[PDB]
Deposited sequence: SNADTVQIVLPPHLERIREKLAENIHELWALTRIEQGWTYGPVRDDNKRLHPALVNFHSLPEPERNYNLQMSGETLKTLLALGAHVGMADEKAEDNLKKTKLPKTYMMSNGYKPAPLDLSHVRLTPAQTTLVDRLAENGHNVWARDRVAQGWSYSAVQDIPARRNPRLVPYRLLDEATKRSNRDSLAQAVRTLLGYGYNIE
């Protein structure tokens, strides 16, 4: 079931904030920019503005954001605009210059400190995490979705096989995705 047209804008904004959060998480752990990945020196080429990612990487991120939204809908959630003023009123987290990369990129995820999941929303985050298509893309160090010798990609690790710490990282990523939607003024019921 394709993503409804009225959720296409939020698919883009969601992917952008997920990238900012991912980049922050990496930079906290000592990662810095370089054009070729180096896991010993912790250099990563994705520590750039979202719009400056290679098109295939941007497209993958948009696909993953869209599949969070489609999985919410498959779980029966009602997702719709409720507060048209919320987006204008959003602010970004202002990090110190110690978070800026050599290319001038500094992450600026949304300040969602005011957002509080309702019980039904907490339950939807839990059901997203437990859904059979949820994976940890271990090489991307990120939550993602897998929707369709060796056919399967073992590096997309099903949630049910993760150790507790990585389950917690995966679930928290989905919590921030849902809180991002709420921050932009969507109700989720």
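- Within the chain's deposited sequence, the coordinate-free stretches run 1 to 7, 156 to 160 in sequence order.
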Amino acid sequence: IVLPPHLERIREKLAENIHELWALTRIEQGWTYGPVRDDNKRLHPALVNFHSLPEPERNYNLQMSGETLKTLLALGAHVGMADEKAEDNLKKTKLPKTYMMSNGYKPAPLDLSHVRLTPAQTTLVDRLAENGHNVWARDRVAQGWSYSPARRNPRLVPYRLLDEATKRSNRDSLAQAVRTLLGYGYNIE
From here on, numbers count along this sequence of modelled residues.
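- Relative to its counterpart among 176 to 184 and 161 to 169, 161 to 169 has the higher mean temperature factor, C-alpha atoms as listed in the PDB entry.
- Stretches 52 to 60 and 124 to 132 differ in mean CA B factor, with 52 to 60 having the higher one.
- Each of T68, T32, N40, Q143 has a CA temperature factor in the record; the biggest one is found at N40.
- In the deposited entry, the Cα temperature factor of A108 sits in the middle third of values across the chain's modelled residues.
- For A82, the recorded CA B-factor ranks within the highest third of the chain. Only modelled residues enter the ranking.
- When the modelled residues of the chain are ordered by their C-alpha B factor, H44 lands in the middle third.
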